[PDB]
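Student: Listed in order, the protein sequences are those of chains A and N.
Here the first sequence stands for residues 7 to 64, 68 to 139, 141 to 190, 192 to 226, where the numbers follow the deposited numbering.
Here the second sequence stands for residues 15 to 26, 33 to 48, 54 to 64, 86 to 178, 180 to 190, 196 to 226, where the numbers follow the deposited numbering.
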Amino acid sequence: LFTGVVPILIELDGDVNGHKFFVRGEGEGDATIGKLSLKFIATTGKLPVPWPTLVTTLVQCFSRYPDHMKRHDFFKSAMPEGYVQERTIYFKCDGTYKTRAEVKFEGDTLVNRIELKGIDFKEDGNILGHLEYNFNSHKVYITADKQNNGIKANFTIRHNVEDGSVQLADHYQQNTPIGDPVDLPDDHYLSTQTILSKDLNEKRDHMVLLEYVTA
Amino acid sequence: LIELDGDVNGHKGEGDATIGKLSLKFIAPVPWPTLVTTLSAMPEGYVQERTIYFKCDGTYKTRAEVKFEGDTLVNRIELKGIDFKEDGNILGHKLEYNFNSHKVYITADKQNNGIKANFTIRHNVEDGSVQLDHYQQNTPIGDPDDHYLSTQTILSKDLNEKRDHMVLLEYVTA
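Following this line, the structure appears as C-alpha cells:
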C-alpha cells in the first residue's frame, strides 16, 4: 500500500467570521518513515487567521506505525477508497472550527479536500488578531468507534502566544470510511513533531512544513 | 439581614466586623460561589456597583445598597447576567463549591467621594481548570490611601435543609 514516496495534494475552503479564503498545498509523504514535507500557499492573499491553527486541519495516513502495530493502521486500511474525516475545534476563549474533509487517492496522487467554517471568533481574539509561527509536539488519543466502523480522536493543541500565554484548541475528531474493510485499532496514540518555515523567494502568504509522526 | 434578586439569561446573618468574622445563612440556575462576591458613611450607607467578567463566559452587572435599617444592617442587590454560555462553567454548574483566599486592592475615587476596587477571583473547576475579573465602585448615599484586604472564606451546607442553600464563614483583614 504505502511503501516509498507518495505525492500529496491539499485543498481547503474556509470562512472565518465572514472572511473567505483558499489555501493550496503540495508535497510528499513517507509513511515508512512517518515523514511529511509540504508547502502551503494562500491563493487569495493574506490569511485572516494564523497558519498554525490550520495545521491540524490541513494525511495521518502517513504516520509511521511499528511492525508490531501494523494491524492498527485504520487510516491506511481504508485506502485508496477515502475516509471521510470531521472535526470541531474549540479555541478556549475564542471561536470554533467545524471541518469536513475527504482523504483519498486519485491514483498515485492523493489530494486532501477540506471545508472549514469558523464562527464566533472575536475581533481582537488570539486568532483574528494574529500566535507565534511555530508548533509544539502533542499526542493524538484515538480509539475505535465501532458503530460507525471508524474512529474518534481527542487532543488539546498548545499554541504559543506572543505575550507568553497559551491559546488552547480542543480538538474533537471523527473518521468514517467511504468504501467497504478497515482495521478497528485498540487504544493508542500518535506523537507528531512539526517544523514551520517560509520560502524566502515567495512573496505570497505561505507555509513550509516538515512533520514527523509515529505511533 | 441579606436578600438578593438577580437576573441571568432570562432566569431571574450577622457577623462581627471588629474581628472580621461573618456568619450568614442563604436560602433559594447559577453556581453559589459566583455570587459570593456579589452578596464611615454608615448608618446612612453606601452604593456598591460591579461588573464581573467571567473570563470568556460572560458578565455580571450589579448594583447594591449597603446601609442600616434599625439595628439590622441590610444589603439589597441587583444583578444582571448576560451572554453566559450554555454548557459553560457557570450555567453548566461545573464549579466545585468552595472559595479561595484573595486580595481586594482598594484605591480612592476622589471625584465621586468614594472608592474603586480591582481583583481577580479564581473559581476552582471540577476538571482541575480555573474559571477567572472584578471591577467595583463604591459611592456614599448621603454625606483611604492605597492598601488591600486579605480574605478567607468557608462554604458549607445545613444538613437539615433540603432546599438549595449555602452556609458561609468569612474572615477579612486589612
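Even for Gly, the Cβ is constructed at its ideal location relative to N, Cα and C.
#1: Determine the direct distance from the alpha carbon of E95(N) to that of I167(N), and round the result to whole angstroms.
#2: If we ignore side chains and look at the alpha-carbon of each, how far apart do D210(N) and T105(A) end up?
#3: Between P196(N) and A163(N), how many whole angstroms is the CB-CB distance? I'm expecting something under 8 angstroms.
#4: Under 8 angstroms, do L141(A) and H169(A) count as touching if we go by C-beta distance?
#5: Count the other C-beta atoms from every protein chain shown that fall within 10 angstroms of the C-beta of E222(A), then say buried if there are 16 or more, exposed otherwise.
#6: Between the Cα of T97(A) and the Cα atoms of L60(A), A48(A), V176(A), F114(A), which residue gives the shortest distance?
#7: Check for me: the alpha helix (DSSP H) holding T62(A) runs from which residue to which?
#8: Go through its chain and collect everything with a Cβ distance to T205(N)'s Cβ below 6 angstroms, but skip five positions before and after it.
#9: Out of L178(N), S202(N), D198(N), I161(N), point me to the one whose CA is closest to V93(N)'s CA.
#10: Taking only three categories from DSSP, how would you classify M88(A)?
#11: What three-state label does DSSP hand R215(A) in the structure shown?
#12: Provide the residue span of the beta strand (DSSP E) that contains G35(N), from first to last.
#13: Starting from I167(A), follow its DSSP beta bridges and name the residues at the other end.
#14: Which stretch, first to last residue, makes up the beta strand (DSSP E) that contains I152(A)?
#15: Got a sec? Which residues, its chain only, sit under 8 angstroms from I47(A) by beta carbon, not counting five neighbours each side?
#16: Of the residues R122(A), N23(A), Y74(A), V55(A), which one's Cα is nearest the Cα of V224(A)?
#17: Let's see if you can read the secondary structure: which residues bound the beta strand (DSSP E) around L207(N)?
#18: Here's the rule I'm using: 16 or more other beta-carbon atoms within 10 Å means buried, otherwise exposed. How should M88(A) be labelled?
#19: Suppose you measure from the CA of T63(A) to the CA of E172(A); what does that come to, to the nearest Å?
#20: Between which two residues does the beta strand (DSSP E) carrying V22(A) extend?
#21: Ignore the nearest five residues each way along the sequence and tell me which others in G35(N)'s own chain have a CB closer than 8 angstroms to its CB.
#22: Buried or exposed: where does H199(A) fall if 16 or more other Cβ atoms within 10 Å of its Cβ makes it buried?
#23: Give the DSSP-derived three-state secondary structure of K113(N) in the structure shown.
#24: On the three-state DSSP scale, how would you describe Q184(N)?
#25: Between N135(N) and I152(A), what straight-line distance do the alpha-carbon atoms span, to the nearest angstrom?
#26: With 16 other CB atoms within 10 Å as the buried threshold, where does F71(A) fall?
#27: Mapping the DSSP letters down to three states, classify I136(N) as helix, strand or coil.
#28: Classify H148(A): buried if its beta carbon has 16 or more other beta carbons within 10 angstroms, exposed otherwise.
#29: Determine whether the beta carbon atoms of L18(A) and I123(A) lie at a separation below 8 angstroms.
#30: Starting from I39(A), trace the beta strand (DSSP E) both ways and give me its first and last residue.
#31: Who are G160(N)'s beta bridge partners in DSSP?
#32: Have a look at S175(N) and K156(N) and give me their C-alpha separation to the nearest angstrom.
#33: Can you give the Cα-Cα distance for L137(N) and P54(N), rounded to whole angstroms?
#34: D117(A) to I39(A), Cα distance in whole Å?
#35: Using only alpha-carbon positions, find the residue among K126(N), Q177(N), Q184(N), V112(N) that is nearest to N158(N).
#36: Considering Cα atoms alone, identify which of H81(A), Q177(A), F165(A), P56(A) is closest to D103(A).
Tutor: To lay it out plainly:
#1: 16 angstroms
#2: 42 angstroms
#3: Incorrect: roughly 11 angstroms between the Cβ atoms, too far for contact.
#4: yes
#5: buried
#6: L60(A)
#7: Unbroken run through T62(A): none, as it is neither H nor E.
#8: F145, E222
#9: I161(N)
#10: coil
#11: coil
#12: 34-36
#13: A179(A)
#14: Looking at the DSSP string, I152(A) is not in any beta strand (DSSP E), and its letter there is neither H nor E.
#15: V29, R30, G31, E213, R215, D216, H217, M218
#16: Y74(A)
#17: 199-208
#18: buried
#19: 22 angstroms
#20: 12-22
#21: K41, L42, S43, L44, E222
#22: exposed
#23: strand
#24: strand
#25: 26 angstroms
#26: buried
#27: coil
#28: buried
#29: yes
#30: Per DSSP, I39(A) belongs to no beta strand (DSSP E) and is neither H nor E.
#31: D155(N)
#32: 39 angstroms
#33: 6 angstroms
#34: 18 angstroms
#35: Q184(N)
#36: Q177(A)
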